[PDB]
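Peer 1: Input protein_22.txt, format and content: compact mmCIF, N, CA and C atoms.
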# COMPACT_ATOMS: atom_id res chain seq x y z
N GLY A 1 21.35 14.07 18.71
CA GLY A 1 22.30 13.94 17.62
C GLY A 1 21.69 14.43 16.30
N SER A 2 22.30 13.98 15.21
CA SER A 2 21.83 14.37 13.89
C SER A 2 22.66 13.66 12.81
N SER A 3 22.19 12.49 12.41
CA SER A 3 22.88 11.72 11.39
C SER A 3 22.03 10.51 10.99
N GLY A 4 22.15 10.14 9.73
CA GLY A 4 21.40 9.01 9.20
C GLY A 4 20.19 9.48 8.39
N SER A 5 20.44 9.70 7.11
CA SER A 5 19.39 10.15 6.21
C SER A 5 19.78 9.88 4.76
N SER A 6 18.80 10.01 3.88
CA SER A 6 19.03 9.78 2.46
C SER A 6 19.44 8.33 2.23
N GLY A 7 18.50 7.56 1.68
CA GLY A 7 18.75 6.16 1.40
C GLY A 7 17.64 5.57 0.52
N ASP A 8 17.61 4.25 0.48
CA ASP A 8 16.60 3.55 -0.31
C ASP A 8 15.24 3.69 0.37
N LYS A 9 14.50 4.70 -0.05
CA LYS A 9 13.18 4.94 0.50
C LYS A 9 12.18 5.15 -0.63
N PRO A 10 11.53 4.03 -1.04
CA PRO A 10 10.55 4.08 -2.11
C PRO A 10 9.24 4.72 -1.63
N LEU A 11 8.69 4.13 -0.58
CA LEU A 11 7.44 4.62 -0.02
C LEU A 11 7.68 6.00 0.61
N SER A 12 8.95 6.35 0.71
CA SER A 12 9.33 7.63 1.29
C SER A 12 8.33 8.71 0.87
N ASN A 13 7.50 9.10 1.83
CA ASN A 13 6.49 10.12 1.58
C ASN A 13 5.28 9.48 0.91
N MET A 14 4.75 8.45 1.57
CA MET A 14 3.60 7.74 1.05
C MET A 14 2.83 7.05 2.18
N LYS A 15 1.53 7.31 2.22
CA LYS A 15 0.68 6.72 3.23
C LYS A 15 0.10 5.41 2.71
N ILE A 16 0.60 4.31 3.27
CA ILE A 16 0.14 2.99 2.88
C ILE A 16 -0.94 2.52 3.84
N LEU A 17 -1.96 1.89 3.28
CA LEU A 17 -3.06 1.38 4.07
C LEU A 17 -3.07 -0.15 4.02
N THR A 18 -3.58 -0.75 5.08
CA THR A 18 -3.65 -2.19 5.17
C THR A 18 -5.05 -2.64 5.57
N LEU A 19 -5.44 -3.80 5.06
CA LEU A 19 -6.76 -4.34 5.36
C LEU A 19 -6.64 -5.86 5.56
N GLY A 20 -7.75 -6.45 5.99
CA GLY A 20 -7.79 -7.88 6.22
C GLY A 20 -6.57 -8.34 7.02
N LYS A 21 -6.14 -9.56 6.73
CA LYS A 21 -4.99 -10.13 7.42
C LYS A 21 -3.89 -10.44 6.40
N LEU A 22 -2.69 -9.99 6.72
CA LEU A 22 -1.55 -10.20 5.84
C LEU A 22 -0.59 -11.20 6.49
N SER A 23 0.41 -11.60 5.72
CA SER A 23 1.40 -12.54 6.22
C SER A 23 2.02 -12.02 7.51
N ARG A 24 2.36 -10.74 7.50
CA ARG A 24 2.96 -10.11 8.66
C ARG A 24 1.88 -9.44 9.52
N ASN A 25 2.32 -8.87 10.63
CA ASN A 25 1.41 -8.20 11.54
C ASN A 25 1.34 -6.71 11.18
N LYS A 26 0.29 -6.07 11.67
CA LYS A 26 0.09 -4.65 11.40
C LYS A 26 1.37 -3.89 11.76
N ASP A 27 1.95 -4.26 12.89
CA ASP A 27 3.16 -3.62 13.36
C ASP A 27 4.30 -3.93 12.38
N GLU A 28 4.62 -5.21 12.28
CA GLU A 28 5.68 -5.66 11.39
C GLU A 28 5.59 -4.92 10.05
N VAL A 29 4.36 -4.68 9.63
CA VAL A 29 4.12 -3.99 8.37
C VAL A 29 4.28 -2.48 8.58
N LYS A 30 3.56 -1.98 9.57
CA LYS A 30 3.61 -0.56 9.89
C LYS A 30 5.08 -0.11 9.97
N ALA A 31 5.91 -1.03 10.43
CA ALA A 31 7.33 -0.74 10.56
C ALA A 31 7.96 -0.63 9.17
N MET A 32 7.70 -1.65 8.36
CA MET A 32 8.23 -1.68 7.01
C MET A 32 7.85 -0.41 6.24
N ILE A 33 6.55 -0.22 6.08
CA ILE A 33 6.05 0.95 5.38
C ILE A 33 6.78 2.20 5.87
N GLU A 34 7.22 2.13 7.12
CA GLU A 34 7.93 3.24 7.72
C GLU A 34 9.43 3.14 7.42
N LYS A 35 9.90 1.91 7.34
CA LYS A 35 11.30 1.66 7.05
C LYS A 35 11.60 2.06 5.60
N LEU A 36 10.61 1.84 4.75
CA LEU A 36 10.75 2.17 3.34
C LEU A 36 10.66 3.69 3.16
N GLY A 37 10.20 4.35 4.22
CA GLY A 37 10.06 5.80 4.19
C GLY A 37 8.58 6.20 4.22
N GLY A 38 7.73 5.23 3.93
CA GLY A 38 6.29 5.47 3.92
C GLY A 38 5.75 5.59 5.35
N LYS A 39 4.44 5.42 5.46
CA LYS A 39 3.78 5.50 6.76
C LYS A 39 2.41 4.83 6.67
N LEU A 40 2.17 3.94 7.62
CA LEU A 40 0.91 3.22 7.67
C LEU A 40 -0.19 4.15 8.18
N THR A 41 -1.34 4.07 7.54
CA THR A 41 -2.47 4.89 7.93
C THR A 41 -3.72 4.03 8.13
N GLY A 42 -4.75 4.66 8.69
CA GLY A 42 -6.00 3.96 8.95
C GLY A 42 -7.06 4.33 7.91
N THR A 43 -6.97 5.57 7.45
CA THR A 43 -7.91 6.07 6.45
C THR A 43 -7.42 5.73 5.04
N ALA A 44 -8.37 5.34 4.20
CA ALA A 44 -8.05 4.99 2.83
C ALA A 44 -7.99 6.26 1.98
N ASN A 45 -8.97 7.13 2.20
CA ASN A 45 -9.05 8.38 1.47
C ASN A 45 -7.77 9.19 1.72
N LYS A 46 -7.06 8.80 2.77
CA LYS A 46 -5.83 9.48 3.13
C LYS A 46 -4.66 8.50 3.01
N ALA A 47 -4.66 7.77 1.91
CA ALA A 47 -3.61 6.80 1.66
C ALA A 47 -3.22 6.84 0.18
N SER A 48 -2.02 6.36 -0.10
CA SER A 48 -1.52 6.33 -1.47
C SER A 48 -1.52 4.90 -2.00
N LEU A 49 -1.37 3.96 -1.08
CA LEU A 49 -1.36 2.55 -1.44
C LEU A 49 -2.27 1.77 -0.49
N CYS A 50 -2.50 0.52 -0.84
CA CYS A 50 -3.34 -0.34 -0.02
C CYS A 50 -2.78 -1.76 -0.09
N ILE A 51 -2.44 -2.28 1.08
CA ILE A 51 -1.89 -3.63 1.18
C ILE A 51 -2.93 -4.55 1.82
N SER A 52 -3.67 -5.24 0.96
CA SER A 52 -4.70 -6.15 1.43
C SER A 52 -4.53 -7.51 0.75
N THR A 53 -5.51 -8.38 0.98
CA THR A 53 -5.49 -9.71 0.39
C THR A 53 -6.62 -9.87 -0.62
N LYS A 54 -6.42 -10.80 -1.54
CA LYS A 54 -7.41 -11.05 -2.57
C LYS A 54 -8.79 -11.19 -1.92
N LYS A 55 -8.82 -11.94 -0.83
CA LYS A 55 -10.06 -12.16 -0.11
C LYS A 55 -10.70 -10.81 0.23
N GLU A 56 -9.89 -9.94 0.81
CA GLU A 56 -10.36 -8.62 1.19
C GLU A 56 -10.99 -7.92 -0.02
N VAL A 57 -10.14 -7.64 -1.00
CA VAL A 57 -10.60 -6.97 -2.21
C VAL A 57 -11.88 -7.64 -2.70
N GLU A 58 -12.01 -8.92 -2.37
CA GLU A 58 -13.18 -9.68 -2.78
C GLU A 58 -14.38 -9.33 -1.89
N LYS A 59 -14.09 -9.14 -0.61
CA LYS A 59 -15.12 -8.81 0.35
C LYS A 59 -15.79 -7.49 -0.06
N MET A 60 -14.95 -6.50 -0.34
CA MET A 60 -15.45 -5.20 -0.75
C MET A 60 -16.28 -4.56 0.36
N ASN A 61 -15.82 -4.74 1.59
CA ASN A 61 -16.51 -4.18 2.74
C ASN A 61 -16.38 -2.66 2.72
N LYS A 62 -16.86 -2.04 3.79
CA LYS A 62 -16.80 -0.60 3.91
C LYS A 62 -15.34 -0.14 3.86
N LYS A 63 -14.49 -0.92 4.51
CA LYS A 63 -13.07 -0.61 4.54
C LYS A 63 -12.52 -0.58 3.11
N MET A 64 -12.64 -1.71 2.44
CA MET A 64 -12.17 -1.83 1.07
C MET A 64 -12.86 -0.80 0.17
N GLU A 65 -14.08 -0.45 0.55
CA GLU A 65 -14.85 0.52 -0.21
C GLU A 65 -14.12 1.86 -0.26
N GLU A 66 -13.64 2.28 0.90
CA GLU A 66 -12.92 3.54 1.00
C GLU A 66 -11.76 3.57 0.00
N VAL A 67 -11.12 2.43 -0.15
CA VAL A 67 -10.00 2.31 -1.07
C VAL A 67 -10.51 2.42 -2.51
N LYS A 68 -11.65 1.80 -2.74
CA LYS A 68 -12.25 1.81 -4.06
C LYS A 68 -12.74 3.23 -4.38
N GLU A 69 -13.16 3.93 -3.33
CA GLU A 69 -13.64 5.29 -3.48
C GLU A 69 -12.49 6.23 -3.85
N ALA A 70 -11.38 6.05 -3.15
CA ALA A 70 -10.20 6.87 -3.38
C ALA A 70 -9.38 6.26 -4.52
N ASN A 71 -9.97 5.26 -5.17
CA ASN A 71 -9.31 4.59 -6.27
C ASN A 71 -7.84 4.35 -5.92
N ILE A 72 -7.64 3.53 -4.90
CA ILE A 72 -6.29 3.21 -4.45
C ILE A 72 -5.98 1.75 -4.79
N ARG A 73 -5.00 1.58 -5.66
CA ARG A 73 -4.59 0.25 -6.07
C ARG A 73 -4.19 -0.59 -4.85
N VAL A 74 -4.79 -1.77 -4.76
CA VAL A 74 -4.50 -2.67 -3.65
C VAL A 74 -3.49 -3.72 -4.11
N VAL A 75 -2.42 -3.83 -3.34
CA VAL A 75 -1.37 -4.80 -3.65
C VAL A 75 -1.23 -5.78 -2.48
N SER A 76 -0.39 -6.78 -2.69
CA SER A 76 -0.16 -7.79 -1.67
C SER A 76 0.98 -7.34 -0.75
N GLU A 77 1.27 -8.19 0.23
CA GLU A 77 2.32 -7.89 1.18
C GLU A 77 3.69 -8.10 0.54
N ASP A 78 3.75 -9.07 -0.36
CA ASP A 78 4.99 -9.38 -1.06
C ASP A 78 5.59 -8.09 -1.62
N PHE A 79 4.71 -7.13 -1.87
CA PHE A 79 5.14 -5.85 -2.41
C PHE A 79 6.20 -5.20 -1.51
N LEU A 80 5.93 -5.24 -0.21
CA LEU A 80 6.84 -4.67 0.76
C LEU A 80 8.16 -5.44 0.73
N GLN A 81 8.04 -6.75 0.58
CA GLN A 81 9.21 -7.61 0.53
C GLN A 81 10.00 -7.38 -0.76
N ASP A 82 9.30 -6.83 -1.75
CA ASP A 82 9.92 -6.55 -3.03
C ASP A 82 10.43 -5.11 -3.04
N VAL A 83 9.53 -4.19 -2.75
CA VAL A 83 9.88 -2.78 -2.72
C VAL A 83 11.21 -2.60 -1.99
N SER A 84 11.44 -3.49 -1.04
CA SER A 84 12.67 -3.45 -0.26
C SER A 84 13.76 -4.26 -0.95
N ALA A 85 13.34 -5.35 -1.57
CA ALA A 85 14.27 -6.22 -2.27
C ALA A 85 13.82 -6.37 -3.73
N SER A 86 13.80 -5.24 -4.42
CA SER A 86 13.40 -5.23 -5.82
C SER A 86 13.73 -3.88 -6.45
N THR A 87 14.48 -3.94 -7.54
CA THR A 87 14.87 -2.73 -8.25
C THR A 87 13.89 -2.42 -9.37
N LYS A 88 12.61 -2.63 -9.08
CA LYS A 88 11.57 -2.38 -10.05
C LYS A 88 10.84 -1.09 -9.70
N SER A 89 10.25 -0.48 -10.71
CA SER A 89 9.52 0.77 -10.52
C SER A 89 8.21 0.49 -9.78
N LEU A 90 7.87 1.41 -8.89
CA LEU A 90 6.65 1.28 -8.11
C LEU A 90 5.50 0.85 -9.03
N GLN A 91 5.23 1.69 -10.02
CA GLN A 91 4.17 1.41 -10.97
C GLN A 91 4.18 -0.07 -11.35
N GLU A 92 5.37 -0.55 -11.70
CA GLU A 92 5.53 -1.94 -12.09
C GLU A 92 5.27 -2.86 -10.90
N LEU A 93 5.99 -2.58 -9.82
CA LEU A 93 5.85 -3.37 -8.61
C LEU A 93 4.36 -3.56 -8.29
N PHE A 94 3.64 -2.44 -8.31
CA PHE A 94 2.22 -2.47 -8.03
C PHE A 94 1.50 -3.47 -8.93
N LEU A 95 1.71 -3.31 -10.23
CA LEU A 95 1.09 -4.19 -11.21
C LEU A 95 1.65 -5.60 -11.04
N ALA A 96 2.88 -5.66 -10.54
CA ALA A 96 3.53 -6.94 -10.33
C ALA A 96 2.97 -7.60 -9.06
N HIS A 97 2.18 -6.82 -8.33
CA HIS A 97 1.58 -7.31 -7.11
C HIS A 97 0.24 -6.60 -6.88
N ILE A 98 -0.48 -6.41 -7.97
CA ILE A 98 -1.78 -5.75 -7.91
C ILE A 98 -2.86 -6.79 -7.57
N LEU A 99 -3.55 -6.54 -6.47
CA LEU A 99 -4.60 -7.44 -6.03
C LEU A 99 -5.95 -6.92 -6.54
N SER A 100 -6.01 -5.61 -6.73
CA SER A 100 -7.23 -4.98 -7.20
C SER A 100 -7.11 -4.67 -8.70
N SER A 101 -8.24 -4.33 -9.29
CA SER A 101 -8.28 -4.02 -10.71
C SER A 101 -8.31 -2.50 -10.91
N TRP A 102 -8.59 -1.80 -9.82
CA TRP A 102 -8.65 -0.35 -9.86
C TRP A 102 -7.33 0.20 -9.32
N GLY A 103 -7.35 1.48 -8.99
CA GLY A 103 -6.16 2.13 -8.46
C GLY A 103 -5.34 2.77 -9.58
N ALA A 104 -5.95 3.75 -10.24
CA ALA A 104 -5.29 4.45 -11.33
C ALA A 104 -5.55 5.95 -11.20
N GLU A 105 -5.09 6.68 -12.20
CA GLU A 105 -5.27 8.13 -12.22
C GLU A 105 -6.73 8.48 -11.95
N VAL A 106 -6.94 9.19 -10.85
CA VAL A 106 -8.28 9.61 -10.47
C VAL A 106 -8.19 10.79 -9.51
N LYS A 107 -9.28 11.54 -9.44
CA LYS A 107 -9.34 12.70 -8.57
C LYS A 107 -8.67 12.36 -7.23
N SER A 108 -7.46 12.89 -7.07
CA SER A 108 -6.71 12.65 -5.85
C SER A 108 -6.47 13.97 -5.11
N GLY A 109 -5.90 13.86 -3.92
CA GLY A 109 -5.62 15.03 -3.11
C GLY A 109 -4.21 15.56 -3.38
N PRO A 110 -3.59 16.10 -2.30
CA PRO A 110 -2.24 16.64 -2.40
C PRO A 110 -1.20 15.52 -2.47
N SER A 111 0.06 15.92 -2.54
CA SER A 111 1.15 14.96 -2.61
C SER A 111 1.09 14.21 -3.94
N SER A 112 2.25 14.11 -4.58
CA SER A 112 2.35 13.43 -5.85
C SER A 112 3.75 12.84 -6.02
N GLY A 113 3.87 11.93 -6.98
CA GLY A 113 5.14 11.29 -7.26
C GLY A 113 5.29 10.99 -8.75
Before we go any further, please render this structure as C-alpha cells.
Peer 2:
Amino acid sequence: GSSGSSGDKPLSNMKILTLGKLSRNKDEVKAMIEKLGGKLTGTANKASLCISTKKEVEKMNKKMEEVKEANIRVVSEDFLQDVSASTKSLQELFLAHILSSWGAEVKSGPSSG
C-alpha cells in the first residue's frame, strides 16, 4: 500500500540515545523515539539526543562519556512523554528535562534542525 504520513513528529529525523535504566524499557522507548519520528541508536557520537538518568550522568562511564564527547544534552524519559504530550519547543523541552549540564552548540556532524 501507500498511506499514512506527515504528522506530529518532533524527533522526526533524530537519533536518540539511551543509557542506564529508564522508567520504560529499551523497546518501549525505542518504539517511542521511533513513533515521534526519531530513532534509537547505540552510538552516542551518532546521536542527537540522550535519554539517561541523573545517576547515569553522574556515573560518567564510558557510555556517558561518548555523550559528553559528542556534547549531547542528556534528558530524562519524561521528555518522550512530553515531546509527545507537550506543545513546547525541543530546545525548551530539553532544558525542561535536561539531566546533563552540557549538550550545546559544538563540533557536530551532518543533519541539523
Peer 1: Please define a box with edges along x, y and z of the file around all atoms of region 36-39 of chain A given in the file, extend it by 3 Å on each side, and return its centre and edge lengths in Å to one decimal, as JSON.
Peer 2:
{"center_x": 6.6, "center_y": 4.0, "center_z": 5.0, "size_x": 14.3, "size_y": 10.4, "size_z": 9.6}
Peer 1: Excluding residue 45 (chain A) and residues on its chain fewer than 3 positions from it, collect all residues at most 7 Å away from it, counting all atoms listed in the file, and give them as a list in words.
Peer 2: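 Counting all atoms listed in the file, the residues come to residues 42, 48, 66, 67, 69 and 70 of chain A.
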Peer 1: Counting all atoms listed in the file, I want the residues whose atoms come within 6 Å of (-1.7, -5.5, 5.3) in the file frame, returned as an MDAnalysis selection string.
Peer 2: chainID A and resid 17:22 51:52
Peer 1: Mind checking DSSP for chain A and telling me the alpha helix (DSSP H) residues as number ranges by chain?
Peer 2: A: 26-35, 54-59, 62-69, 78-84, 90-96
Peer 1: One decimal, Å: what's the distance from CA of residue 55 (chain A) over to CA of residue 16 (chain A), could you say?
Peer 2: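 Separation between CA of residue 55 (chain A) and CA of residue 16 (chain A): 18.5 Å.
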Peer 1: One decimal, Å: what's the distance from atom N of residue 15 (chain A) over to atom N of residue 1 (chain A), could you say?
Peer 2: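 Separation between atom N of residue 15 (chain A) and atom N of residue 1 (chain A): 26.7 Å.
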Peer 1: Could you state the separation of atom N of residue 99 (chain A) and CA of residue 74 (chain A) in Å, given to one decimal place?
Peer 2: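 The value is 4.9 Å.
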Peer 1: Which of these residues is nearest to residue 31 (chain A), using only C-alpha atoms: A:80, A:73, A:58, A:101?
Peer 2: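 Of A:80, A:73, A:58, A:101, the one nearest residue 31 (chain A), counting only C-alpha atoms, is A:80.
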Peer 1: Looking at all atoms listed in the file, which of A:59, A:75, A:41, A:27 is the one that sits closest to residue 95 (chain A)?
Peer 2: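 Answer, going by the shortest atom-to-atom distance: A:75.
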Peer 1: Write out as a ChimeraX atom specification each polymer residue whose atoms come within 7 Å of residue 8 (chain A), counting all atoms listed in the file; drop sequence neighbours fewer than 3 positions from it.
Peer 2: /A:11-12,35-37
Peer 1: Taking N, CA, C and O atoms as the atom set, what does region 74-87 of chain A look like once completed, written as a PDB file, keeping the file's coordinate frame?
Peer 2:
ATOM      1  N   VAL A  74      -4.790  -1.770  -4.760  1.00  0.00           N
ATOM      2  CA  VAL A  74      -4.500  -2.670  -3.650  1.00  0.00           C
ATOM      3  C   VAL A  74      -3.490  -3.720  -4.110  1.00  0.00           C
ATOM      4  O   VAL A  74      -3.699  -4.394  -5.114  1.00  0.00           O
ATOM      5  N   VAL A  75      -2.420  -3.830  -3.340  1.00  0.00           N
ATOM      6  CA  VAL A  75      -1.370  -4.800  -3.650  1.00  0.00           C
ATOM      7  C   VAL A  75      -1.230  -5.780  -2.480  1.00  0.00           C
ATOM      8  O   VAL A  75      -1.858  -5.604  -1.438  1.00  0.00           O
ATOM      9  N   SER A  76      -0.390  -6.780  -2.690  1.00  0.00           N
ATOM     10  CA  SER A  76      -0.160  -7.790  -1.670  1.00  0.00           C
ATOM     11  C   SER A  76       0.980  -7.340  -0.750  1.00  0.00           C
ATOM     12  O   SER A  76       1.547  -6.268  -0.937  1.00  0.00           O
ATOM     13  N   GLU A  77       1.270  -8.190   0.230  1.00  0.00           N
ATOM     14  CA  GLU A  77       2.320  -7.890   1.180  1.00  0.00           C
ATOM     15  C   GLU A  77       3.690  -8.100   0.540  1.00  0.00           C
ATOM     16  O   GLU A  77       4.653  -7.403   0.868  1.00  0.00           O
ATOM     17  N   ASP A  78       3.750  -9.070  -0.360  1.00  0.00           N
ATOM     18  CA  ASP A  78       4.990  -9.380  -1.060  1.00  0.00           C
ATOM     19  C   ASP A  78       5.590  -8.090  -1.620  1.00  0.00           C
ATOM     20  O   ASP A  78       6.798  -8.005  -1.819  1.00  0.00           O
ATOM     21  N   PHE A  79       4.710  -7.130  -1.870  1.00  0.00           N
ATOM     22  CA  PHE A  79       5.140  -5.850  -2.410  1.00  0.00           C
ATOM     23  C   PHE A  79       6.200  -5.200  -1.510  1.00  0.00           C
ATOM     24  O   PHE A  79       7.206  -4.692  -1.996  1.00  0.00           O
ATOM     25  N   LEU A  80       5.930  -5.240  -0.210  1.00  0.00           N
ATOM     26  CA  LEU A  80       6.840  -4.670   0.760  1.00  0.00           C
ATOM     27  C   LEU A  80       8.160  -5.440   0.730  1.00  0.00           C
ATOM     28  O   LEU A  80       9.236  -4.852   0.856  1.00  0.00           O
ATOM     29  N   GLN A  81       8.040  -6.750   0.580  1.00  0.00           N
ATOM     30  CA  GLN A  81       9.210  -7.610   0.530  1.00  0.00           C
ATOM     31  C   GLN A  81      10.000  -7.380  -0.760  1.00  0.00           C
ATOM     32  O   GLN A  81      11.187  -7.683  -0.831  1.00  0.00           O
ATOM     33  N   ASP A  82       9.300  -6.830  -1.750  1.00  0.00           N
ATOM     34  CA  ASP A  82       9.920  -6.550  -3.030  1.00  0.00           C
ATOM     35  C   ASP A  82      10.430  -5.110  -3.040  1.00  0.00           C
ATOM     36  O   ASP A  82      11.613  -4.872  -3.301  1.00  0.00           O
ATOM     37  N   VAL A  83       9.530  -4.190  -2.750  1.00  0.00           N
ATOM     38  CA  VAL A  83       9.880  -2.780  -2.720  1.00  0.00           C
ATOM     39  C   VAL A  83      11.210  -2.600  -1.990  1.00  0.00           C
ATOM     40  O   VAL A  83      11.970  -1.687  -2.291  1.00  0.00           O
ATOM     41  N   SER A  84      11.440  -3.490  -1.040  1.00  0.00           N
ATOM     42  CA  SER A  84      12.670  -3.450  -0.260  1.00  0.00           C
ATOM     43  C   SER A  84      13.760  -4.260  -0.950  1.00  0.00           C
ATOM     44  O   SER A  84      14.935  -3.896  -0.906  1.00  0.00           O
ATOM     45  N   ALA A  85      13.340  -5.350  -1.570  1.00  0.00           N
ATOM     46  CA  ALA A  85      14.270  -6.220  -2.270  1.00  0.00           C
ATOM     47  C   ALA A  85      13.820  -6.370  -3.730  1.00  0.00           C
ATOM     48  O   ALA A  85      13.513  -7.472  -4.179  1.00  0.00           O
ATOM     49  N   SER A  86      13.800  -5.240  -4.420  1.00  0.00           N
ATOM     50  CA  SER A  86      13.400  -5.230  -5.820  1.00  0.00           C
ATOM     51  C   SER A  86      13.730  -3.880  -6.450  1.00  0.00           C
ATOM     52  O   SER A  86      13.320  -2.834  -5.942  1.00  0.00           O
ATOM     53  N   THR A  87      14.480  -3.940  -7.540  1.00  0.00           N
ATOM     54  CA  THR A  87      14.870  -2.730  -8.250  1.00  0.00           C
ATOM     55  C   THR A  87      13.890  -2.420  -9.370  1.00  0.00           C
ATOM     56  O   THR A  87      14.290  -2.012 -10.462  1.00  0.00           O
TER      57      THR A  87
END
